[PDB]
Amino acid sequence: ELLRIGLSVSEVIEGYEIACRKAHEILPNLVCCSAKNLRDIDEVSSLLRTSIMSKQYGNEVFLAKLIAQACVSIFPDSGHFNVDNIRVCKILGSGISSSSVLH
Amino acid sequence: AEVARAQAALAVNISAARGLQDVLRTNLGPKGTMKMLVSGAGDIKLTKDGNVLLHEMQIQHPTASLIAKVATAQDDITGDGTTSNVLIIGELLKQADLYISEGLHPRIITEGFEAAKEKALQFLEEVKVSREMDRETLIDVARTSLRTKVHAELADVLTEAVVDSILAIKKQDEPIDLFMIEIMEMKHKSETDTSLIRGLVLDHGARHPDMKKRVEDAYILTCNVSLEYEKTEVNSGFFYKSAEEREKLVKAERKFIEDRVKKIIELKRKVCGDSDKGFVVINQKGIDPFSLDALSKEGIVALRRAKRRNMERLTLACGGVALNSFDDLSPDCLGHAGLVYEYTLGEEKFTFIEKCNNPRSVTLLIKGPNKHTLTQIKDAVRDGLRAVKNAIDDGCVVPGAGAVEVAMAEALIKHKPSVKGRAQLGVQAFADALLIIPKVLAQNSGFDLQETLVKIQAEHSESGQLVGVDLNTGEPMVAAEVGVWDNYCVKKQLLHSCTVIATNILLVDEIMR
Amino acid sequence: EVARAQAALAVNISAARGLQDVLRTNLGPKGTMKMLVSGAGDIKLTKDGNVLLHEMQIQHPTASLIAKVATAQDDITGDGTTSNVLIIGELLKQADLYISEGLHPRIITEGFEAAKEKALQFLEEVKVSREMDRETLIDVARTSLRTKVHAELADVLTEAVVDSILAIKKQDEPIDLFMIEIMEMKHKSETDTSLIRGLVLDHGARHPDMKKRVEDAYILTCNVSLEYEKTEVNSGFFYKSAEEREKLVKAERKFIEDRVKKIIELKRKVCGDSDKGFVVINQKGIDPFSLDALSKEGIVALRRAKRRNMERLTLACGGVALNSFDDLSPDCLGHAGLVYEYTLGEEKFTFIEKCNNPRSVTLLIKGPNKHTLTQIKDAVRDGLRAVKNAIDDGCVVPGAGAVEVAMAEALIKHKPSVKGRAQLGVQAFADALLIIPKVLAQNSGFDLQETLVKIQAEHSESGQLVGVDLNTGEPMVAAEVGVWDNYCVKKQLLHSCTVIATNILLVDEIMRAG
């Protein structure tokens, strides 16, 4: 449109830029509550549930609880978290919700 | 075979150039863009700088060969104007085109040009004022020379670091920076950025707790050829005279490693006295774990993989002599970096060779995870480095943003070349290529390359005012106040590389295939 | 379909060049004539801008558009038609060059307007009064004919030109709507243009010994029939039944024979003396025994004249339109100081002259009797149309593009708008000026520019009007050269120049419609 309207390249780019600067400014303001536990599966699972929501159509709570367990309980803290804290042995049989976290 | 002659050969020339040139006109000032470049390799490159686009790929014409020629001039001789140099010629060509569109000799219109360039050169001396090589005076030149080359915000953070680099000098005064360029591209959370890090930086350094990360007193044995052979400036076999001799060397090869650390552990105490002064062997190949540890354990810092450049800049930086062996050396030749500091940033160690005894070599740490970002930011640096180095080499400085061109095109007021008027036309032709910077910007930026420049012209015809199209919004102002000030190295040379190639095509009436 | 955006413009301005081109020398002493076997298909010969326009069949709309607005100025000027065509395209290119550079045509049109007025404003500055004398009448009549014909034929006609216009200043009439009575003689020779301060008729009718030399001229110019239709008519043409058409004719010759006797005493009342010459002029035929017995009365009589002639003779001779052959007043019947029936070629041309009014005055051109004879005619009439402007205004100015550079010297340097937005159109405006002198000179000789700078520098030196010498292709001061525009023409041109070049510059589209 701004190309049809005739606005130049950097012009509207400066538009989104200073605005994504403006938006990044508002993003901490639009933080709505918070939560975490360096240990707890369930509370941490919900974010890990809802982040994988987009990335999963499958069990939201079950992979919530596993990776929450996994990410947490592979660690003495989980105040630290790293690249591979969790790996996978992909194995069939039984159920897909038979999946288990073994550190 | 066949040929082309008269204006037929000429038309092919003048059309191919101005057909290629306006493609390049998409980019200049900050309001230019970064032109996508994909050569035969497949990599995307975004550059507002001429040399990249010009010397990588071209739509193939007989004119495309000469354009990189005078493009090999501007970046070489200056480095600022590569973006600017191209947009001048075809604007002059379309002018001269009119005169041969009228019909005339390309020879007589040839003679109508170079004097005007020679005039403008005079006029360039005239209108400019010699300016300080002071850091902050350079900034207004620095941003602009960078910004005429590359987009503002990059040029803006470059304005700081480039000047910080070109002011880093020992007063080695050059048009460019050879040693002040040490570029470290680092995968980082910053996609486009350059970190100024003083002193020679080494490609890497080796980790070990006993190996000193901090060497303030460095006795540097430059080290290339590995631990695995005795007194060797090159790795080669002492064995392998038959088939079973292949096994014997590697059985004796671990011996030289301990022999070599034995040299370095004693050569430390030889040269350094006690172990408090870190003895530096920068081993430009991999250090074997035993001697990696045993040099660590003795206090020697055995550094893994410097560069041949980091070997030669070391010969410069540390004021000491390099070596390709780890052999015991007389304590004299051993390099001294007032700081040898291995620096782990991200996962990678960059060993500073600092307090350079010749700090003409500094280092820039380039940032990106994505090479397309990491290449482009690297690209904007160095064309602007030599551009801003043309600021601090030049006690003369020429004010930018069309301040000096209206001081020519108007002060070229004609019948000064009255003879045939062909110069009066040729100077007019030349006068009309002057304003491409006031043109391309008010083009790129708001309003009109024309309707704003008429003010520029007018407002310069007003009060002799230094005036110009903004690099940014394309509206009139006073270009002296704005500080936009072009390198004095650019202007003169910027003219030469134009009219010399603009002279050739005119005298070229012929082409054959 | 339609043609929009730039396409509504290019085709118009692209057509406006080759048009402009061919006639680039239709003009000045450098001017070159053109023919047409093409446009109207006949054998045709013409030199003038507007006149060569109409002759062609011009299917491009713009080609027809200027023909209108040019004809307006073509009327009084008669030259500069070819001229005004040239500067407009010279203007259109620069404006196109802006839109080629890219820009808005209406703010560009807006850019003409001060410049036009500024040039108009300059036009009264550059208009220099040479009042009407034969010199200014010569030098404008020739430079017009030097434009339209040979400088030879210019000075050949420049006599005949000033010939009639002396009596129109006796009329004190700044225009010539008469004395423009022209007779075209059958001869071998083009150049012979005979001044007759009266009229000429090709007549003297069918009979000699009528005293075709009439010193005391008493002119009855009549449409009465001393001869008439023998054709079959009832309602005015052939009637379905044959016979009723017949009864009409037997009253014809009797009516004619009677009017002979009416002229007898019409000779006796009027004159009574053959020594006092009487002239009959019939708009229709005259039977032989009429003229024969009218020759017996000491009367020459001219059958089948024309309405202008009747009126012009009613004017010039103080003559009559009177309808009768009955006894009439001699003072009614007009007078000429001399009357003679002259013969060159086949037909006997009555030279009536020293007429009571030197009002309708014959300039009699001989000629090859061709489109060439037609060619040599149209120009001298325009040669007048030049000098009438010279008679019109008091200000007659050096020609050959003398004014053009000084305007571009006047206009552009200081911005006449002091404003670029208009200066755009102004820079476009003041380039239009220069083409005619610089195109003709370079056609006639040395180039636009190297000649310009010579005309420029001397203007730049003096500001005096140095024109072009088209005898070379170099500048001279067109004062001495004699090529002299009036203020009228150059006044008129920018009007016809600009207003047509503007609205067409502002075409936002063109469409085949219905």
# chains A, B, ... in the order shown; residues from 1 in each chain; ligands from 1
>>> closest_atom_pairs(of="range 427-484 of chain C", to="range 392-401 of chain C", cutoff="10 Å", atoms="only C-alpha atoms", output="CSV")
residue,atom,partner,partner_atom,distance
C:433,CA,C:401,CA,8.2
C:434,CA,C:401,CA,7.1
C:435,CA,C:401,CA,8.5
C:436,CA,C:401,CA,6.5
C:437,CA,C:401,CA,4.5
C:438,CA,C:401,CA,7.9
C:440,CA,C:400,CA,8.6
C:441,CA,C:400,CA,8.8
C:455,CA,C:401,CA,9.4
C:464,CA,C:398,CA,9.7
C:465,CA,C:398,CA,6.6
C:466,CA,C:398,CA,7.6
C:467,CA,C:400,CA,5.0
C:468,CA,C:400,CA,5.0
C:469,CA,C:400,CA,7.2
C:470,CA,C:400,CA,7.5
C:475,CA,C:400,CA,8.8
C:476,CA,C:400,CA,9.1
C:477,CA,C:398,CA,7.2
C:478,CA,C:398,CA,4.4
C:479,CA,C:398,CA,4.7
C:480,CA,C:398,CA,8.2
C:481,CA,C:398,CA,8.0
C:482,CA,C:398,CA,7.1
C:483,CA,C:399,CA,4.7
C:484,CA,C:399,CA,4.2
>>> residues_around(residues="residue 2 in chain A", least_positions_apart="6", cutoff="10 Å", atoms="only C-alpha atoms", output="list in words")
residues 8, 9, 11 and 12 of chain A
>>> select_by_dssp(residues="range 111-304 of chain C", states="alpha helix (DSSP H)", output="NGL selection string")
:C and (111-126 or 134-148 or 151-170 or 252-270 or 288-296)
>>> residues_around(residues="residue 79 in chain A", least_positions_apart="2", cutoff="10 Å", atoms="only C-alpha atoms", output="MDAnalysis selection string")
chainID A and resid 37:39 72 75:77 81
>>> atom_distance(atom1="CA of residue 119 in chain C", atom2="CA of residue 6 in chain C")
28.6 Å
>>> closest_residue(among="B:487, B:330, B:226, B:473", to="chain A", atoms="only C-alpha atoms")
B:473
>>> interface_residues(of="chain B", to="chain C", cutoff="7 Å", atoms="only C-alpha atoms", output="PDB file with C-alpha atoms, in the first residue's frame")
ATOM      1  CA  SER B 418      32.290  31.448 -24.317  1.00  0.00           C
ATOM      2  CA  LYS B 420      32.187  27.848 -29.118  1.00  0.00           C
ATOM      3  CA  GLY B 421      29.787  27.469 -26.249  1.00  0.00           C
ATOM      4  CA  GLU B 451      11.777  21.051  -6.687  1.00  0.00           C
ATOM      5  CA  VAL B 454      15.767  24.635  -7.120  1.00  0.00           C
ATOM      6  CA  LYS B 455      15.624  25.972  -3.563  1.00  0.00           C
TER       7      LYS B 455
END
>>> residues_around(residues="residue 44 in chain C", least_positions_apart="4", cutoff="9 Å", atoms="only C-alpha atoms", output="PyMOL selection string")
chain C and resi 34-38+40+55+371-372+375
>>> write_last_selection(atoms="N, CA, C and O atoms", output="compact mmCIF listing (two decimals), in the first residue's frame")
# COMPACT_ATOMS: atom_id res chain seq x y z
N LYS C 34 7.01 23.68 -49.85
CA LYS C 34 6.60 22.29 -49.92
C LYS C 34 5.42 22.16 -50.87
O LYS C 34 4.72 23.14 -51.16
N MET C 35 5.20 20.95 -51.36
CA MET C 35 4.06 20.66 -52.22
C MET C 35 3.15 19.66 -51.53
O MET C 35 3.45 19.18 -50.44
N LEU C 36 2.01 19.39 -52.15
CA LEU C 36 1.21 18.22 -51.82
C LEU C 36 0.64 17.61 -53.10
O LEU C 36 -0.10 18.28 -53.82
N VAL C 37 1.02 16.37 -53.38
CA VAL C 37 0.17 15.51 -54.20
C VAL C 37 -0.55 14.56 -53.26
O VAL C 37 -1.28 13.66 -53.70
N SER C 38 -0.32 14.73 -51.96
CA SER C 38 -0.71 13.74 -50.97
C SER C 38 -2.00 14.10 -50.25
O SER C 38 -3.01 13.40 -50.40
N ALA C 40 -4.52 16.57 -50.21
CA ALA C 40 -5.75 16.70 -50.97
C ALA C 40 -5.65 15.94 -52.29
O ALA C 40 -6.61 15.90 -53.07
N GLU C 55 -4.06 21.86 -45.85
CA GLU C 55 -4.01 21.15 -47.12
C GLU C 55 -3.87 19.65 -46.93
O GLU C 55 -4.54 18.88 -47.63
N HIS C 371 -0.13 26.36 -60.17
CA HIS C 371 0.03 26.43 -58.73
C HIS C 371 1.16 27.38 -58.35
O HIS C 371 1.15 27.94 -57.25
N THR C 372 2.14 27.56 -59.25
CA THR C 372 3.18 28.56 -59.03
C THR C 372 2.59 29.96 -59.03
O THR C 372 2.87 30.75 -58.13
N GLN C 375 1.03 30.08 -56.07
CA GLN C 375 2.02 30.19 -55.00
C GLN C 375 2.46 31.63 -54.81
O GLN C 375 2.41 32.16 -53.69
>>> decode(residues="chain A", atoms="C-alpha atoms", output="compact mmCIF listing (two decimals), in the first residue's frame")
# COMPACT_ATOMS: atom_id res chain seq x y z
CA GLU A 1 0.00 0.00 0.00
CA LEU A 2 2.67 2.52 1.00
CA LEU A 3 4.33 1.40 -2.23
CA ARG A 4 1.09 2.17 -4.03
CA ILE A 5 0.79 5.25 -1.82
CA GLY A 6 4.37 5.94 -2.85
CA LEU A 7 6.27 5.97 0.44
CA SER A 8 9.95 5.16 -0.02
CA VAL A 9 11.94 2.23 1.31
CA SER A 10 13.74 3.36 4.47
CA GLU A 11 10.80 5.68 5.26
CA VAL A 12 8.22 3.05 6.20
CA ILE A 13 11.03 0.81 7.44
CA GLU A 14 11.92 3.55 9.90
CA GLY A 15 8.19 3.34 10.58
CA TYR A 16 8.19 -0.26 11.75
CA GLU A 17 11.67 0.14 13.27
CA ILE A 18 11.08 3.06 15.65
CA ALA A 19 7.75 1.39 16.35
CA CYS A 20 9.31 -2.00 17.04
CA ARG A 21 11.62 0.03 19.22
CA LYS A 22 8.43 1.57 20.61
CA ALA A 23 6.88 -1.91 20.84
CA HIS A 24 9.87 -3.50 22.58
CA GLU A 25 9.53 -0.64 25.06
CA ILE A 26 5.93 -1.62 25.79
CA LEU A 27 6.57 -5.38 25.95
CA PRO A 28 7.81 -5.28 29.59
CA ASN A 29 4.81 -3.08 30.41
CA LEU A 30 2.51 -5.71 28.85
CA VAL A 31 4.02 -8.54 30.89
CA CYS A 32 0.96 -9.98 32.65
CA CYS A 33 1.85 -11.52 36.03
CA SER A 34 4.62 -14.14 36.09
CA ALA A 35 5.45 -17.54 37.56
CA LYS A 36 8.16 -20.21 37.76
CA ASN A 37 9.67 -22.94 39.90
CA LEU A 38 13.19 -24.26 39.49
CA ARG A 39 11.63 -27.57 40.58
CA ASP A 40 7.83 -27.81 40.35
CA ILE A 41 6.59 -29.80 37.37
CA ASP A 42 2.97 -28.64 37.31
CA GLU A 43 3.40 -24.86 37.50
CA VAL A 44 6.30 -24.92 35.04
CA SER A 45 4.41 -27.40 32.86
CA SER A 46 1.72 -24.82 32.06
CA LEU A 47 4.11 -22.45 30.32
CA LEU A 48 5.84 -25.44 28.78
CA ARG A 49 2.32 -26.60 27.93
CA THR A 50 1.29 -23.32 26.37
CA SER A 51 4.53 -22.69 24.49
CA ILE A 52 4.26 -26.09 22.84
CA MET A 53 0.54 -25.48 22.28
CA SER A 54 1.36 -23.74 19.01
CA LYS A 55 3.95 -26.46 18.42
CA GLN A 56 1.73 -29.40 19.48
CA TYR A 57 -1.82 -30.46 18.73
CA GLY A 58 -1.32 -33.47 20.98
CA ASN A 59 -1.43 -33.91 24.75
CA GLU A 60 -0.86 -30.44 26.14
CA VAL A 61 -0.71 -31.36 29.83
CA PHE A 62 1.22 -34.61 29.43
CA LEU A 63 4.15 -33.19 27.47
CA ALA A 64 3.78 -30.21 29.78
CA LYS A 65 4.52 -32.40 32.79
CA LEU A 66 7.28 -34.46 31.16
CA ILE A 67 9.43 -31.66 29.78
CA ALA A 68 8.83 -29.69 32.98
CA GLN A 69 10.06 -32.73 34.89
CA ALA A 70 12.81 -33.35 32.33
CA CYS A 71 14.10 -29.77 32.12
CA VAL A 72 13.92 -29.36 35.88
CA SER A 73 14.87 -32.70 37.29
CA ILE A 74 17.93 -33.27 35.12
CA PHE A 75 19.40 -30.41 37.17
CA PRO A 76 20.43 -29.80 40.78
CA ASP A 77 19.16 -26.22 40.30
CA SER A 78 17.46 -25.55 36.98
CA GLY A 79 18.33 -22.00 37.90
CA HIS A 80 20.87 -22.81 35.22
CA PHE A 81 19.56 -24.22 31.97
CA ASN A 82 21.55 -25.30 28.94
CA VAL A 83 21.27 -26.56 25.37
CA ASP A 84 20.88 -30.32 25.82
CA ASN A 85 19.60 -30.88 29.31
CA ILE A 86 17.25 -33.45 27.81
CA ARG A 87 17.69 -35.97 25.04
CA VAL A 88 15.26 -38.49 23.67
CA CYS A 89 15.16 -42.19 22.97
CA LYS A 90 12.29 -42.40 20.49
CA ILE A 91 10.62 -45.72 21.26
CA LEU A 92 7.29 -47.15 20.18
CA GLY A 93 4.91 -49.48 21.99
CA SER A 94 2.27 -48.93 24.63
CA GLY A 95 0.98 -45.38 24.51
CA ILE A 96 2.40 -42.03 23.49
CA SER A 97 1.34 -40.85 26.95
CA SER A 98 3.30 -43.79 28.39
CA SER A 99 6.28 -41.47 27.82
CA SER A 100 8.51 -41.14 30.86
CA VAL A 101 11.26 -38.80 32.02
CA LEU A 102 14.42 -40.73 32.87
CA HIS A 103 17.44 -38.59 33.65
